[PDB]
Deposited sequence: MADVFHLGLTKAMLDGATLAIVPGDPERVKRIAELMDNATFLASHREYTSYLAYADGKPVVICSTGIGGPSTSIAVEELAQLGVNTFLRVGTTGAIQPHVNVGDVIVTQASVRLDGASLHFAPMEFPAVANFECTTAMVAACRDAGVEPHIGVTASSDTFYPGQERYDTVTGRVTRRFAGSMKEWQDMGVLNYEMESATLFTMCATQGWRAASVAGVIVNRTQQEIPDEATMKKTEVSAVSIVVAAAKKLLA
């Protein structure tokens, strides 16, 4: 391999410069198969990669793992191999009551409740998505009959206390994060996820473009964790593939 974790060489990407980067290694294939001549490339650790062709141009599909540290490796190592555009597709918990389960979120920027983003810029720097790629995501959403929620996402290094979940072993949240959900609600923050703060900060600062679209799987104003009663439309995966086509055409 040309890179230390992903098991990939430059040749294996066949010139791809755009990556679709889901969180879950098990989603990779399905995303890939929405495009042409999808091919398995590698699987190492949380990093499963496929190659596919979007209207004839190579796209790499590579999972990140949960959270900013595994994301950071993925994004660096793909860029080492010539990727300069990273489209994240993900799942997310809504924190606003009007954002329904099954709705899609396009994140313009993120609250940096992570540590990896600080390793690319001080906290003063905005974890902001690339304008053209965000535009492409919005457009793919609307083309699909869906108006996305567009706004700010709370991007937390944890799933439990940092997203102010109480149904845990201790049922306690450290002071900084106690009441924090309300803080972000009040500020109009749409949702919680775990990677976009790192992805956006690292891409804005290193000269790469990123965007993120995500499907809402739970509304935190009603459940901490979704279950079988949770509402079971258009898919964030289809949208991202459509967005990638826009950007490569």
query = Wait, which stretches of the deposited chain are just not there in the structure?
reply = 1, 234-235
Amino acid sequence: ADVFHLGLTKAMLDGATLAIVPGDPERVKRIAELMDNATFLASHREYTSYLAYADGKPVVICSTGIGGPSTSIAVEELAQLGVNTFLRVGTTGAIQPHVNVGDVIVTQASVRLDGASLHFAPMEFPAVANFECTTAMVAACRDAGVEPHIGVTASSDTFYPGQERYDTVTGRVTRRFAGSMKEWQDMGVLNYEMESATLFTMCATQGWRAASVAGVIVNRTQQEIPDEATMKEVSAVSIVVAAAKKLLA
From here on, numbers count along this sequence of modelled residues.
Of 21-29 and 233-241, the one with larger mean CA B-factor = 233-241
request  = State which stretch shows the higher mean Cα B factor in the entry: 50-58 or 200-208.
outcome  = 50-58
remark   = Based on the PDB entry, the highest CA temperature factor among the options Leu87, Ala144, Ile73, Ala121 is that of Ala144
key: Cα B factor band for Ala154 (lowest, middle or highest third within the chain)   = lowest
query = According to the PDB entry, is the CA B factor of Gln222 in the bottom, middle or top third of its chain, that is, lowest, middle or highest?
reply = middle
Ranked C-alpha temperature factor of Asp36 among modelled chain residues, by third = highest
task = Would you please rank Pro148 by its C-alpha temperature factor against the other modelled residues of its chain and give the third it falls in: lowest, middle or highest?
result = middle
task = Just say lowest, middle or highest third for the CA B-factor of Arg165 relative to the other modelled residues in its chain.
result = middle
